[PDB]
Amino acid sequence: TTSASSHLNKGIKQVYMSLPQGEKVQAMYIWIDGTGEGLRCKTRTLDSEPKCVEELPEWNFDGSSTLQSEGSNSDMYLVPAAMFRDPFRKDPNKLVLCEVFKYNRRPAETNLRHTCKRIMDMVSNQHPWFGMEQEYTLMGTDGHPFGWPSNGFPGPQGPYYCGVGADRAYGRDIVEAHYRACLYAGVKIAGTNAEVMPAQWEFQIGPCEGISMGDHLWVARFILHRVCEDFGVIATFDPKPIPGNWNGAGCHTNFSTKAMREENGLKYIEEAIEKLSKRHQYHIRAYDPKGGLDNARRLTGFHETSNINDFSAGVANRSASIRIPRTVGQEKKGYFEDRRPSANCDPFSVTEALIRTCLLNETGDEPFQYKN
Amino acid sequence: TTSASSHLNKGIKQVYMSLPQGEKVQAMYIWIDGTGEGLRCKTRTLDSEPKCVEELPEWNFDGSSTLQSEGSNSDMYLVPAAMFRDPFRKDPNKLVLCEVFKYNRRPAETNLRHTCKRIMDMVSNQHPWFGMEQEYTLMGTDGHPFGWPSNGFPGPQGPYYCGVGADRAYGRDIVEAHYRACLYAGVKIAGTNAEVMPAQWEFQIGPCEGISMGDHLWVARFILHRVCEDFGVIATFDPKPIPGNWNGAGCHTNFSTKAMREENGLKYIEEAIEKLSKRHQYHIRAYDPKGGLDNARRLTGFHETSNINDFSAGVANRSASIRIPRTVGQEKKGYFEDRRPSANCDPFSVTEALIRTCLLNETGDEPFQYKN
Amino acid sequence: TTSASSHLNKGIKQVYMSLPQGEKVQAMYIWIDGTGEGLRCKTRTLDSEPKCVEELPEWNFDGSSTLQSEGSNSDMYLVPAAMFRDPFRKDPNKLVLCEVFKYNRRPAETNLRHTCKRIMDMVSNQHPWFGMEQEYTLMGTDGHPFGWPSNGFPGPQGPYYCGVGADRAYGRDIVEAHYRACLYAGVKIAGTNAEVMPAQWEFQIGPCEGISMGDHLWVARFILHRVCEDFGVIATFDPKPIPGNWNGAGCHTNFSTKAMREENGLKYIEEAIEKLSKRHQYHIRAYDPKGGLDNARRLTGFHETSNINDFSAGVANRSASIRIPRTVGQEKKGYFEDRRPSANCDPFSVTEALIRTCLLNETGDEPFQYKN
Amino acid sequence: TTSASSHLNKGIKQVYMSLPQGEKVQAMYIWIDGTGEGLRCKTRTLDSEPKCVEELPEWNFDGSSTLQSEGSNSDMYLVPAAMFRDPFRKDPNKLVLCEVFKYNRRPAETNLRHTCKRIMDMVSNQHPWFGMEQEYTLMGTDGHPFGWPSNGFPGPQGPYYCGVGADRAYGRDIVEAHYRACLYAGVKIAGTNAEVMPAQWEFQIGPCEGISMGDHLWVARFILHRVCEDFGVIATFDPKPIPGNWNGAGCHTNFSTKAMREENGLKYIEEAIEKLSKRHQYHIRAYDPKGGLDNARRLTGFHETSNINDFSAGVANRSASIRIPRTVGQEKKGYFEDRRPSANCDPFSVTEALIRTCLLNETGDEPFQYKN
Amino acid sequence: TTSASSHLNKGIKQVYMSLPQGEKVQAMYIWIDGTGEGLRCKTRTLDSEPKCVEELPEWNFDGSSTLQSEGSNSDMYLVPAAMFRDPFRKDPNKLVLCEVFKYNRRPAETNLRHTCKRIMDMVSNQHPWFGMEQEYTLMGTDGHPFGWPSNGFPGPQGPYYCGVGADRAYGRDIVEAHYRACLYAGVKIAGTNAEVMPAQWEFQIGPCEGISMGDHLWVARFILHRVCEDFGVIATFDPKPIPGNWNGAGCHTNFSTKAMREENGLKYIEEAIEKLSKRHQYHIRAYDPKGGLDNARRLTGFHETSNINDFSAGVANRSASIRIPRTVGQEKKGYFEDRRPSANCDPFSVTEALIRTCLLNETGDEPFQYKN
Ligand SMILES: Nc1ncnc2c1ncn2[C@@H]1O[C@H](COP(=O)(O)OP(=O)(O)OP(=O)(O)O)[C@@H](O)[C@H]1O
Ligand SMILES: Nc1ncnc2c1ncn2[C@@H]1O[C@H](COP(=O)(O)OP(=O)(O)OP(=O)(O)O)[C@@H](O)[C@H]1O
Ligand SMILES: Nc1ncnc2c1ncn2[C@@H]1O[C@H](COP(=O)(O)OP(=O)(O)OP(=O)(O)O)[C@@H](O)[C@H]1O
Ligand SMILES: Nc1ncnc2c1ncn2[C@@H]1O[C@H](COP(=O)(O)OP(=O)(O)OP(=O)(O)O)[C@@H](O)[C@H]1O
Ligand SMILES: Nc1ncnc2c1ncn2[C@@H]1O[C@H](COP(=O)(O)OP(=O)(O)OP(=O)(O)O)[C@@H](O)[C@H]1O
Ligand SMILES: [Mg+2]
Ligand SMILES: [Mg+2]
Ligand SMILES: [Mg+2]
Ligand SMILES: [Mg+2]
Ligand SMILES: [Mg+2]
Ligand SMILES: [Mg+2]
Ligand SMILES: [Mg+2]
Ligand SMILES: [Mg+2]
Ligand SMILES: [Mg+2]
Ligand SMILES: [Mg+2]
């Protein structure tokens, strides 16, 4: 059920990591590969501790081993974008998230931060805040959910949501370790809870301003994969890991601006929802790395989900595409929640689409090539 | 056998838990679900350490995943009531027990603290003290008592009560860990002992004044479930876990007022017992989350138990419904013990009934609405 | 071969035991049950650390669960007698050895300390010293000696006495842990050695003055049982655990008075041995909880043992019932050793008989009712 | 999951069973014990093969060991009633079903065949025919259904009914062996099929005239238990072995007389249905060995069943209490089916109640005396 | 739990055992060893099949290896007494039960057949008949009953007597093989049944006239041990294999003569029982190979047993020392049953004591030392 690497003696490893480091510093570079969903990493040694992200040098990798580059001109380039403390090696070592560029310095096909950053800079005075709810499922190496009966199923759903106890919550050791690692690293983690499906979990990131939302979620995803690797289990972001009467996985996105958060900001919330109602197909394509096919296995209109074909909005409606919390409606200010994005969405795509539709008043089925 | 989660490498988890936290603080919210027996929890991040319960924010959860609300209006609200230190994450993180309210702010069906608190405030000058003896059995994930022979039975009862040794006491590691965690958290745990059935244990909570009795017992129950989850075993509060000639599980409740604790207070003890003798059926219904059916499997008048049908009382009588300790009768002051409540009773329901019958002079089969 | 409780993750338990305790203090009460050989225990919480044994309150327990009372009037009472530091929970927690009294305050049937203490007060000016050598065998949960071949036997005796090495000494981890725990608790442990039988061991307690010999040996027995519970093995004091050509288990008792320890004290040693020669049957009955039946399986006159029904004494004779060490005989002062008591003897019975015969000049087959 | 006896080398047994018997003949005596549900057996040696049941001698057993008598007059007696060929020992050995009588030669409490034979003799010319469909569940020795995932569940119902394949039929080896064993013995087995719940099966016995129905069903149950003993699994007749969304087990009874089998015999069925409608409570009590404490957990009105408190009828209605097959109504001739009795019913009780209600026109809550 | 030899491939052995033997004949010699309750065997080759026991040659063995002699005149001799067909090697191979004689041609100490045969010849004209019920317990090689839970107990007694099913009968494969093996060999086996304790069984031998009773029972015991050797389990004849509330094992002896079997033979039974009442202590000593130190742990006066120190008799009284069947009393002819002998009794000793007291009118303490 668990990997062979996780059966090695971990006490031996801790003895080596107790050795004082000395003067050199380790930096781990992290980037998104050609599938748009996977992460890659490698480590270099630095002479001294970097104080800001601008002090880190550019790097490179062979793009033919990541299905990102052609044959002859295979070299790709890494440009640091955000820096965090490394929870796996501790201070003064760092984690570095990078943008990917081709040999001719054009952005890579899966490099979506480059365009999203420019869009964020166009509306910086409105101070957009984002909050994302990442759902995932812990799986054994055999392709079955962790802690499930072998070749079988646990009891029916209902007691597992926010559950406590040996027979209710599976794999809380991973969840606790991931929570503390994110806090140490500097990732803005807001909370966690157990989900309807046993061995299914959720963590919230935010509220984050502008481009930082995508950076924090991607690094949080990397930390989860690396923590699960220590325990020998697999975390999956597939929207429908188990077919049938078992809960799916999504990534709800909460959105607000400076105008929405002030008194009588509910008026501006309703304006944005009206604009979103006219671009349902555009956001479905942008909320999936495959264009909507992945989300079709999840958004069928059952198990507290909305239909993939129809747009709906309402106050305190958890079955609609867009939900206004009851407290927000009562206080006439706050935010609203988009429940359409799938659990494997790219945050840079999702946040860029929301700004384009709601703040830049874009129409049609294509993004505006220059600005808005 | 134990759960798959308990076979993960716990040394790995402690490495992550050793990371310094930083400035943010974790708060775990805890509430009682729609069955009136189970507990639920989830965690949010706070900006700074809360000093009192009054400065924690309200929260919410989806009640359709806990069988507490219907479809359209499913949002429920959490209101903090009592705060303790978190033994699983250590200072400055907190545990928060909450009351549950519906979407229209009316109390939930299983929210019995709201009415119990008002009753306790009616008799605050009499200073009621409660002491509760919680019995439970440790279970394997296969539904059999922990440490019992597979598909079989251990030796006859008699050597397991207050026992010591590998062949006499099963699961003392859980008991020791639970005791220390409660002391750290601030729960008023008074003692523990091994019970007549092997793998059966007991811990005592009190003496607690007023509404704080229910708060301390529920948090103690939560800590036990969470501790057992680490070891991979299940703690059950079922009154009769094993049929036949094996000891059952109850929750004895000790009761005293300021008048009973003073000299010649035995007179007021005798008066309260007389009032209790006239309301046997009312207390049987209130001492069970199912109206008394659960307690029928345990209270059959055998193995040092009282009859479910009959009321009896006496000094130093462990076979009666109400027992006056021999010391209390000798010093003519003290308290008395109600031995009827089952091990899965709700403390808020049990304590409210005692106040209504003994201090508010209520009669009939229904509680008196507003005042007494 | 070992218990299910011992396969739980002990690292998890140590995390909880690392939590700072706070202001409250745990006290474990220990007493002897109705079989005269087994120990019982339970824990209560105190508000502050007790400084002397007189500050601890009286307690009680249900005697019908320990075969010490039946029917009505089954409550028993515990009176603290001696206090030690708790090695399992560390300072400021305490272990408390108690005397048992029935509901009418008469001493219980197996409470032999009450009479033994009064006898020791009658000879206080002679300062009797006692030293006892407790032998025991470590056993697996399957009823076979620990580390022995399954359904088989190890090699013949001879290399195991005071042995070192994986093939010579079984279970030294328990012996080392028990030694350190006794030193921490304050028990006057004098040494240990491996015995002729593999997995058989011995520890020495003393020299102890008066009634303190019984208190120290009983607490050492409890500590041994509790330590073995941690490792998942059973320690047995049965005189002949394995039938045939395998070493038995005894409890040799060394005795001396102030006159015996002074120069030319060998004269008073010979006087006491002369008195002992006339009361062989009386001491055989008092050296066993069954009146001598258990010791019959051991004292057959083989394997360096004396005959059960014959009395003998000599200098440097290890086959006699009473042995005078050669050093003592050469220096004309010291002590002497009684080799008759079985390994499961009650120390209060053994010490009381020695005082009555040697210092109070009692005759007949019954103890003198009043003083002397 | 399987018994220790099933892990013995079965090839060794087959060698001994191939030895020629000689001239002696074995005979196995079977009778119903004091619970009214289980069976008991023992073997004796006869000098020659009996040609009919009337040549078998009487026997006896100890009734105190079977919970059928006290210690004063414990002896009970066995009178053979029906003979069958032995499928476990082959010819010329026999199985004999016996009636149980007290020491005073009066029928035992669970001996329901005596009165049923007397009742059935009174309607001989009508030639009543019976056919019963017996359902059962195969269980491992751990108390879980055989082949189910450990501490878990298989997929939801729907593919298991009459299924074929490793993932659809659990334990067909037992079913095939039982079918062939019954045919060899002379049991009138009509067919088998796999049931809705996995590891649940059904066999049909009949049409058997008169008292012969109870003899054939009881022997078939004994053969099933004995066959399952060879494989090491347990056959259970519980009405609801698994709680929840899983099918229960019943024993449908098919009834017809000569009149209903003749031309236009459908009209004689209608009076039988009409007569049965007024005695629903009386028949429910006689359809359960525990008076209704078992069938109450199956007849819940769901899973295509009928409610325990309501009587229904109709042509080709499987949800009613009584079903008339569609072909029977089309041909206006045949039988009708009673779906009320549980799987653990006594066939003698069921057949007697049907005869005395539809053929003797009995009323009231008590069986008629010599008047009927 | 089973022997290493039983895990060898038994299919390989059956291949060799199917080879045609040829003209040589195997004969196995069986005799009782120096302990008086164990058996020994040895095999030799004969030129042709013996037609009767009288043409089997005498043999010999080493008595020092069997502890029936010292190292000076260790040689002993075997004289054939009874011949049986070999069930383990099939025809024409044979089993031979032999008497043991010293080097000086005098009977061995445990050779009780020699004197018993002379006693039977004295009263041969009355044709005494004997029938013995031999009880035994099946054990694993670890010293625990076969099929019992590891280091534990099954459910309480009551369903195991004459039970059927995987959870009620333990090890019926051995019982079925032994029954068929005895019939093939010519042993007069009368029947079998399961006993009160699980894994405990019984078989009956008789009615056997005179000296043949001891021959048939001893061969039956040998066949059981040899059959159990094939399966890898141990059959024990200990009177009290498991201490506590678990049934013991005895060897009930049924006795009758021609007068008792004739008309009005009940009056002759009363004389024998009256004569038996006087020599209770004499028979108790002769009913135990250890003189009474084995049967003392069974005849406790509980679990339907008679106290070893009390003689009692009565019609159909299973708690008495002597039982008269109810049918015998009603028919005034038959036999009577002696319930005193233990399971490990010597049939020659038991049958000789019954003849001496009831038929020869002997009295006193020691047997008559001359023929007349
Ligand atoms: N003003 C805001 N602007 C943007 N995001 C916000 C704002 N306020 C809160 N959020 C984010 O909204 C999210 C709240 O989601 P949470 O999981 O706590 O509740 P929920 O949506 O009611 O739950 P569920 O999982 O049942 O849908 C968090 O990620 C938080 O950071
Ligand atoms: N004055 C008091 N008022 C209320 N509760 C009290 C008072 N004094 C003590 N108690 C409570 O009474 C309980 C004592 O019960 P404990 O389990 O120690 O003994 P017991 O009832 O005699 O034992 P058993 O488990 O055999 O019934 C504790 O929970 C304690 O807090
Ligand atoms: N003066 C004394 N009075 C009483 N006891 C004493 C005195 N001096 C020593 N002792 C005790 O005598 C005991 C000696 O036991 P020890 O195991 O050393 O004996 P040993 O001679 O090696 O014998 P063995 O081979 O039987 O174990 C110790 O318990 C010690 O405390
Ligand atoms: N005339 C008859 N009288 C009595 N019993 C009959 C008669 N004809 C057939 N039977 C019996 O009725 C039974 C028919 O059961 P069967 O399970 O085959 O029917 P069904 O309608 O498919 O049942 P199910 O409720 O399981 O779907 C058989 O045992 C058969 O012997
Ligand atoms: N006339 C007789 N003389 C001697 N033995 C006889 C006679 N008739 C029968 N027997 C033998 O008596 C034995 C009866 O044993 P069986 O177990 O059937 O008796 P039971 O009364 O049921 O006793 P229990 O309940 O104590 O086992 C058989 O071995 C049988 O051969
Ligand atoms: Mg959420
Ligand atoms: Mg959400
Ligand atoms: Mg208590
Ligand atoms: Mg109590
Ligand atoms: Mg020593
Ligand atoms: Mg010594
Ligand atoms: Mg059918
Ligand atoms: Mg049917
Ligand atoms: Mg018998
Ligand atoms: Mg008998």
Side-chain angles (χ1 to χ4, degrees), chain B residues 131-136 161-162 189-196 200-206 247 249-254 304 318 323 325 337-339 341 343, chain C residues 42-44 59-62 65 75, chain D residues 126-135 161-162 182 187-196 200-210 212-213 216-217 220 247 249-262 265-266 268-269 272 303-306 315-328 331 333-341 343 347 350-351 354:
Chain B
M132 291 191 90
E133 303 164 49
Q134 173 76 75
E135 297 177 324
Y136 63 98
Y161 169 82
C162 292
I189 177 154
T192 63
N193 72 286
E195 271 304 309
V196 170
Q200 196 178 77
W201 294 85
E202 180 188 325
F203 65 88
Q204 297 99 44
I205 302 291
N247 200 62
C251 200
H252 299 167
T253 300
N254 296 267
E304 282 83 9
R318 271 173 160 105
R323 160 180 164 258
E337 174 182 58
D338 196 325
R339 291 167 76 87
Chain C
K42 58 173 190 179
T43 298
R44 72 195 311 185
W59 209 3
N60 55 283
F61 70 93
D62 169 45
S65 302
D75 49 302
Chain D
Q126 317 214 56
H127 303 109
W129 286 0
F130 291 102
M132 289 165 92
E133 308 155 36
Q134 171 82 69
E135 297 178 320
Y161 171 82
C162 299
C182 282
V187 166
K188 204 192 217 305
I189 179 152
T192 60
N193 65 286
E195 272 310 315
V196 163
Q200 182 181 77
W201 298 81
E202 176 195 310
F203 64 93
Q204 301 101 36
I205 309 289
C208 299
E209 187 181 287
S212 187
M213 169 72 238
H216 279 237
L217 183 54
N247 215 88
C251 195
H252 296 354
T253 302
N254 294 263
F255 181 43
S256 72
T257 69
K258 211 244 279 181
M260 331 170 177
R261 290 194 294 278
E262 289 284 315
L266 173 59
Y268 294 102
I269 295 181
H303 297 60
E304 320 191 47
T305 53
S306 62
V315 164
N317 193 326
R318 264 163 164 97
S319 181
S321 294
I322 309 287
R323 171 163 153 280
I324 305 191
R326 190 178 298 273
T327 54
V328 163
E331 297 167 350
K333 171 188 65 171
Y335 59 94
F336 68 93
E337 173 193 336
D338 189 350
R339 300 167 71 84
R340 277 175 295 173
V350 176
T351 43
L354 267 160

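In the text below, chain A, chain B and the rest are named by the order of the sequence lines, each starting its count at 1. Just follow the structure's listing: the first ligand is 1, and inside any ligand the first atom is 1. Computed over heavy atoms, backbone and side chain alike; hydrogens, waters and symmetry mates excluded.
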For this session: Apply side chain to side chain contact (heavy atoms under 4.5 Å, CB included) to D:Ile322 and D:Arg340, showing your working.
Result: CA-CA 8 Å; D:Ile322 309 287; D:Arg340 277 175 295 173; 3.7 Å; yes

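- Looking at atom 5 (N) of ligand 4, its nearest protein heavy atom turns out to be D:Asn254 CB, 3.4 Å.
- Residue-ligand proximity, D:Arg323 to ligand 4, at heavy-atom distances under 4.0 Å covers atoms 21 (O).
- Scanning the protein heavy atoms around atom 9 (C) of ligand 4, the nearest turns out to be D:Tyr335 CE2, 4.0 Å.
- Residue D:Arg261 holds its CZ atom at 13.5 Å from OH of D:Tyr268, rounded to the nearest 0.5 Å.
- Nearest approach of D:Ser306 to D:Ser321, heavy atoms of both residues: OG-OG, 3.6 Å.
- Distances from the Mg ion (ligand 13) to each N, O or S atom of D:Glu337 single out OE2 as the nearest.
- Within the 4.0 Å heavy-atom cutoff, D:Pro207 counts among the residues contacting ligand 4.
- With rounding to the nearest 0.5 angstrom, the OG atom of D:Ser256 is 11.5 Å from the CD atom of D:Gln126.
- Separating the CD atom in D:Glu133 from the OG1 atom in D:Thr253 is a distance of 8.5 Å, to the nearest 0.5 Å.
- Remark: minimum distance from atom 3 (N) of ligand 4 to any protein heavy atom is reached at D:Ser256 OG, 2.9 Å.
- Under a 4.0 Å criterion applied to the non-hydrogen atoms of D:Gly206, ligand 4 contributes the atoms 31 (O).
- Under the salt bridge (charged side-chain N to carboxylate O under 4.0 Å, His left out) criterion, D:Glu135 pairs with no residue at all, not counting sequence neighbours.
- Ligand 4 lies out of reach of D:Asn193, whose nearest heavy atom is not under 4.0 Å from it.
- Close contacts of ligand 4 with D:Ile205, meaning ligand atoms under 4.0 Å from a residue heavy atom, involve 29 (O).
- Contact annotation: the side chain of C:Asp62 never approaches that of C:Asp75 to less than 4.5 Å [non-hydrogen atoms, C-beta and beyond].
- Between D:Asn247 and D:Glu195, the side chains place no donor N or O within less than 3.5 Å of an acceptor N or O (distance only, hydrogens not considered).
- Atom 28 (C) of ligand 4 has its closest protein heavy atom at D:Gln204 CB, 4.2 Å.
- Listing protein N, O or S atoms at distances below 2.8 Å from the Mg ion (ligand 8), with waters left out, gives B:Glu133 OE1, B:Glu202 OE2.
- B:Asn193 has its side chain out of reach of C:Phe61: every pair of non-hydrogen atoms, C-beta onward, lies at least 4.5 Å apart.
- Residues meeting the salt bridge (charged side-chain N to carboxylate O under 4.0 Å, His left out) test with B:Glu337, sequence neighbours left out: B:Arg323, B:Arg339.
- Close approach to D:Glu202 involves these atoms of ligand 4, each under 4.0 Å from a residue heavy atom: 17 (O), 26 (O).
- What sits closest to atom 23 (O) of ligand 4 on the protein, heavy atoms only, is D:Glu133 OE1, 3.2 Å.
- Taking only non-hydrogen atoms, the option from D:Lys333, D:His252, D:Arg318 nearest to atom 22 (O) of ligand 4 is D:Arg318.
- Within the 4.5 Å cutoff, no side-chain heavy atoms of D:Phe255 are placed close to those of D:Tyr335.
- Among all heavy-atom pairs drawn from D:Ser319 and D:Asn317, the shortest one is N-OD1, 3.0 Å.
- With sequence neighbours left out, the side-chain contact (heavy atoms from CB on, under 4.5 Å) criterion links D:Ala194 to D:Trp201.
- Close approach of ligand 4 to D:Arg339 (heavy-atom distance below 4.0 Å) involves ligand atoms 25 (O).
- Not a single heavy atom of D:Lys188 sits less than 4.0 Å from an atom of ligand 4.
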